[PDB]
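Notes follow the structure.
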2 protein chains.
Amino acid sequence: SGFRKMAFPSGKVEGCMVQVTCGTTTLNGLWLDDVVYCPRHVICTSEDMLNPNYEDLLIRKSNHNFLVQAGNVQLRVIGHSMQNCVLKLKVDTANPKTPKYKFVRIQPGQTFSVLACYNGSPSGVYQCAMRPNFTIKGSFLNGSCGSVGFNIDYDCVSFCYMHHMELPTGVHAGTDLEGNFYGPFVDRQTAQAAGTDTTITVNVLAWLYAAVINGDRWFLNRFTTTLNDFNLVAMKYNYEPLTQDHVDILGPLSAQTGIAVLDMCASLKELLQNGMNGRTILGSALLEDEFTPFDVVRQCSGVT
Amino acid sequence: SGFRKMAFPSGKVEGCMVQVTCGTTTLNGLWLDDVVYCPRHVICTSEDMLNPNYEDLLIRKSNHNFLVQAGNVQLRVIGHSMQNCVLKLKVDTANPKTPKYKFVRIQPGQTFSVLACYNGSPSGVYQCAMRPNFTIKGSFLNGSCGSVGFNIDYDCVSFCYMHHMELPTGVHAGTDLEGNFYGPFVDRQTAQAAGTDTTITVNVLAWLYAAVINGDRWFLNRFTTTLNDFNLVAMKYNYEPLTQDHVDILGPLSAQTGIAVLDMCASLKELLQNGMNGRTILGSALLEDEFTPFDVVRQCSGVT
Ligand SMILES: COc1ccncc1NC(=O)[C@@H](O)c1cccc(Br)c1
Ligand SMILES: COc1ccncc1NC(=O)[C@@H](O)c1cccc(Br)c1
């Protein structure tokens, strides 16, 4: 028992982290096989970030200008190319620590672990979720760019995020491993405000099932609701509309606990309307939305 | 910017996890050099846990009865001994992945990362704190025993916890790496209720400084207090008494923000007396106490 914001073990990703330097800018890179992936803003100076022309900036850069260091050893750069907002540095050596891996573009609401890095060195790991407005509420300082988000399915690492920037609102934006930004963000130091950060309803319900599984049951009530009635409440509280796909994905949790999805929705409805009244659920005084139904099952069953 | 419950990168610990089986019981072991450390209750059957005589149970066990598997390869056991509540299995091979390490017995209030394991395989990593009542609020299922807690200072892993049991209250108890339980708990399936779980005041103050550093300042007020006045409030709210050692340890955070420790105490006093009024601090609706002043500085400065 017990429920924690748990991240995947980071070892497989740690063995991929390298330091990439170009001119006077140093950030993190991801070394998989004979390719190093890093944010293209590594070629920029502070003056360039105002409105950079990455194609024109990359013309003045040769393979020898990209310094790639893995631990204390220097990798030899034999090719460089830009794919969207990432640079792919072909090195002469395949990473001997390359795990089985995939590049996946996640959907908003999905979760992933982040290995925060500085100068190619890991500092920590934490669990995140892609917000419905395509930002992530991370913990990153200057030099953390190139740090990646990922999920692990037994031995396969699915890289889904690469950190690129911090918005003036303190929230984070980045790309998938093909260099495509999540959301409308551009890799430019400009006015970029995030949209409405709605609550991931399916995740809150999954976390409510996790609470019941771990003994916290005070919020269970004698009521039920319908998808349309629940969604009227969810709209009022800036919660994502619940769909039959969401109900279907909560099936195993509903089966495990014996609490119908719509009954759990009615508990959530009353919690939205009446608040927690000074009470807590799984050590939290607010409704947690960064655990997917998959995460709850995984943690409550011990998937390694 | 941003503040997260961040764990240490787990790679160095993952390379130490092995599976230990004795009879029909399988749990995790920690392989460092040529020794495997695991909870001594591995020699018990379900019937034995009611009141086990570990010395008498260990007499019927020989080196060949302890099956130690690292990945898919079997380690040869050449010695076995009991140190307090841990078993030390001498193997014929030093772990090639042994990092620089220490065994440390932490104080209540200190934090550490846990690598939850099952059958010698890591499932996840999360940040924990030793509660003042010597329990930890973890996330562990049957088979997680032998999973360890640790801290990392650059390249050195300081192992501080080994998971042994779950109390009927759903909280967790375990030992340091010398086999000594934190708190009064015994490795026996008996009535063991935890003491009062007080709030780690110095950590809440450190987290309040983290909030100011990251932009959340609404809770700052025009007041100050004294250590004795603050402690009258802390006693009423089951908070640990604040000492001059605690004030001293919060010195760097006070210096960074320019907010005197006693002024921050006065903000905490008003938050205890008036609550959050439906507001949040660093995405939490309650006062977070599982970040030490060291953790806040580390995260806010990017120590790798
Ligand atoms: C203090 O800087 C950070 C803190 C956290 N995460 C990331 C950063 N870095 C930046 O945001 C910055 O280098 C930048 C500016 C404009 C566009 C891009 Br692309 C990148
Ligand atoms: C479901 O079991 C768990 C869940 C989480 N963490 C640990 C366990 N295991 C136990 O508590 C159990 O093997 C036991 C019983 C009595 C004394 C000892 Br020592 C160990």
Side-chain angles (χ1 to χ4, degrees), chain A residues 17-31 35-69 77 80-89 105 114-121 123 128 130-131 133-149 159-195 197, chain B residues 1-3 213-215 299-302 304:
Chain A
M17 302 317 299
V18 298
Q19 174 195 92
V20 183
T21 302
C22 189
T24 65
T25 311
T26 290
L27 45 61
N28 308 285
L30 185 68
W31 184 24
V35 184
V36 174
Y37 302 86
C38 78
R40 68 180 180 169
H41 74 259
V42 73
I43 67 179
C44 300
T45 71
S46 260
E47 183 185 340
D48 287 324
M49 294 311 306
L50 308 179
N51 182 50
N53 190 311
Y54 289 100
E55 279 284 350
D56 290 352
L57 289 175
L58 202 57
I59 290 173
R60 312 282 162 226
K61 297 301 177 184
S62 300
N63 293 330
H64 72 265
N65 293 132
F66 297 98
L67 301 176
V68 184
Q69 194 178 325
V77 179
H80 72 271
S81 69
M82 182 166 64
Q83 175 173 19
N84 303 310
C85 307
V86 299
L87 298 185
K88 291 184 299 201
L89 305 179
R105 183 176 178 83
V114 174
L115 176 63
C117 290
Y118 296 88
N119 301 103
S121 294
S123 41
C128 270
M130 178 58 56
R131 301 306 313 168
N133 67 4
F134 294 102
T135 64
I136 74 167
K137 305 176 142 154
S139 170
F140 295 111
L141 307 175
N142 209 305
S144 68
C145 305
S147 296
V148 303
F159 294 100
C160 62
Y161 178 78
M162 172 163 289
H163 187 55
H164 287 240
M165 66 187 206
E166 186 174 66
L167 298 173
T169 62
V171 309
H172 305 114
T175 72
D176 59 24
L177 274 297
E178 301 185 325
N180 295 122
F181 266 95
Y182 285 100
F185 313 108
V186 285
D187 48 359
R188 194 199 173 185
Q189 194 179 278
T190 204
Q192 309 187 57
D197 187 19
Chain B
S1 68
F3 211 69
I213 291 168
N214 288 272
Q299 188 170 160
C300 294
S301 85
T304 65

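Only this structure's heavy atoms are used, side chains among them; waters, hydrogens and symmetry mates stay out. Each chain gets a letter, A, B and so on, in the order the sequences are listed, and its residues count up from 1.
By the ring pair (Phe, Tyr, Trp, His ring centres under 6.0 Å) test, A:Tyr182 is found to be paired with no residue, residues two or more places apart in sequence or in another chain being considered. Partners of A:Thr169 by side chain to side chain contact (heavy atoms under 4.5 Å, CB included), not counting sequence neighbours, listed by chain and number: A:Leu167, A:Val171. For A:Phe134, there are no ring pair (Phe, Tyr, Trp, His ring centres under 6.0 Å) partners, not counting sequence neighbours. For A:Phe181, the ring pair (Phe, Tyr, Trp, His ring centres under 6.0 Å) partners at least two apart in sequence or on another chain are A:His164. When the side-chain hydrogen bond (donor to acceptor under 3.5 Å, both in side chains) test is applied to A:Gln192, no partner is found at least two apart in sequence or on another chain. Applying the side-chain hydrogen bond (donor to acceptor under 3.5 Å, both in side chains) criterion to A:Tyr118, with sequence neighbours excluded, gives no partner residue. Annotation: side-chain hydrogen bond (donor to acceptor under 3.5 Å, both in side chains) contacts of A:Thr135 (sequence neighbours excluded): A:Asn133. Every salt bridge (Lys or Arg N to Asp or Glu O under 4.0 Å) that A:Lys137 has, sequence neighbours left out, goes to A:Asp197. Legend: residues meeting side-chain hydrogen bond (donor to acceptor under 3.5 Å, both in side chains) with B:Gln299, ordered by chain and number and at least two apart, are A:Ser139.
Once rounded to the nearest 0.5 Å, the distance linking CZ of A:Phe140 with NE2 of A:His163 reads 4.5 Å. Atoms CG and SG, on A:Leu177 and A:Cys160 in that order, are 8.0 Å from each other to the nearest 0.5 Å. The distance from the NZ atom of A:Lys88 to the NE2 atom of A:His80 is 12.5 Å, given to the nearest 0.5 Å. Atom CG of residue A:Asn28 and atom CD of residue A:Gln19 lie 8.0 Å apart, to the nearest 0.5 angstrom. Interatomic distance, OG of B:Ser1 versus CG of A:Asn142, reported as 11.0 Å (0.5 Å rounding).
The shortest heavy-atom contact between A:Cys85 and A:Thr175 is CB-CG2, 4.1 Å. Scanning both residues, A:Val42 and A:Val20, for their nearest heavy atoms gives CG2-O, 4.0 Å. Across A:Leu57 and A:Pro52, no two heavy atoms sit closer than the pair CD1-CB, 3.9 Å. When all heavy atoms of A:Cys38 and A:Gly29 are compared, the closest pair comes out as CB-CA, 4.0 Å. Scanning both residues, A:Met82 and A:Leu58, for their nearest heavy atoms gives CB-CD2, 3.7 Å. The minimum heavy-atom distance between A:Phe185 and A:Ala173, with the atom names listed, is CD1-CB, 3.7 Å.
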side-chain contact (heavy atoms from CB on, under 4.5 Å), that's the test. Do A:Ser62 and A:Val77 meet it? Break it down for me.
CA-CA 9 Å; A:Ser62 300; A:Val77 179; over 6 Å; no
Please test A:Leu87 against A:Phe66 for side-chain contact (heavy atoms from CB on, under 4.5 Å), starting from the C-alpha separation and ending with a verdict.
CA-CA 10 Å; A:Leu87 298 185; A:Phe66 297 98; 3.6 Å; yes
Do A:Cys44 and A:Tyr54 pass the side-chain contact (heavy atoms from CB on, under 4.5 Å) test, and can you show the C-alpha distance, the side-chain angles, and the key distance before you say yes or no?
CA-CA 8 Å; A:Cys44 300; A:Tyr54 289 100; 3.3 Å; yes
So A:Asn119 and A:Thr26, side-chain contact (heavy atoms from CB on, under 4.5 Å) or not? Walk me through it.
CA-CA 7 Å; A:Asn119 301 103; A:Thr26 290; 3.5 Å; yes
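The shortest distance between side-chain heavy atoms of A:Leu30 and A:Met17 falls below 4.5 Å.
Looking only at distances, no side-chain donor or acceptor of A:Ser144 sits under 3.5 Å from a matching main-chain atom of A:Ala116. The closest donor-acceptor contact from the side chain of A:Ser123 to the backbone of B:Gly302 lies at 3.5 Å or more, if one exists at all. With hydrogens and angles disregarded, no donor-acceptor distance shorter than 3.5 Å links the side chain of A:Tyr37 to the backbone of A:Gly146.
For residues 48-63 of chain A, no residue pair satisfies the salt bridge (charged side-chain N to carboxylate O under 4.0 Å, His left out) rule, not counting sequence neighbours. Pairs of residues two or more places apart, or lying in two chains, that qualify as salt bridge (charged side-chain N to carboxylate O under 4.0 Å, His left out) and include a residue from residues 163-190 of chain A are A:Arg40-A:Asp187, A:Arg105-A:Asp176. For residues 17-30 of chain A, there are no salt bridge (charged side-chain N to carboxylate O under 4.0 Å, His left out) pairs, not counting sequence neighbours.
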